[PDB]
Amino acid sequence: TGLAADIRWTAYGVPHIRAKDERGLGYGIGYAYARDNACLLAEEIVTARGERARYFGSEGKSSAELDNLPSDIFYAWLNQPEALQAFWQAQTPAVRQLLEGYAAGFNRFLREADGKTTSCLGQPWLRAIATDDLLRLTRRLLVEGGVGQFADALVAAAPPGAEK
C-alpha cells in the first residue's frame, strides 16, 4: 500500500509514468511492462530462479540458448539466498522502493489479466513475483560480462578421475 501511479500511453504503446515517489513510480512501471510483456518476464524469472527444468524438462533451452538443466544449476548457484539477501541489504531505500513498487504493479496486472494481451494466461509459471525475483534478474544481467559467459563451463567443471 501507499502505491499509486498515473500512466499515459502515447502511440505504439509507450508508457509515461507519473508518481510522487519511487514506490508509486515502480508501481506504474511494473503494471505497464506486464501489460506488454508479462509472459516474457515470467519466463526470464523462471530462468533466473533456476527452475527451467522444473517447468519444461531437460530437453528445452532458455532464451539465452543454454540447456535447461545447466542453466538452472548456474542460476541456483548465482542466486543463492545468501547472495540475494546481501544484495538487497546493500540497496538504497529509493532502489528498494522502486523494486517493491515494480513487483506490486506487475502483480496487479496479473490479478486483472483476462488474456487481452497475455498469451500465457493459465500457465503455472505465470505467477505473482517478488522483489527477490527482480534481484535474480538484476544479478543475471550483472554477470553477462563475466561469469555468465562461462555458465556452461562452470557446470562442466569436475575434478579428474584415475585417467591416463
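Sequential numbering from 1, following the sequence displayed.
Set 58-66 against 29-37 and average the Cα temperature factors; 58-66 ends up higher.
Comparing 114-122 with 130-138, the stretch with the higher mean C-alpha B-factor in the PDB entry is 114-122. The entry lists a Cα temperature factor for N79 that places it in the middle third of the chain's modelled residues. The PDB entry assigns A94 a C-alpha temperature factor belonging to the middle third of its chain's modelled residues. When the CA B factors of the chain's modelled residues are split into thirds, the value for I17 lands in the middle one.
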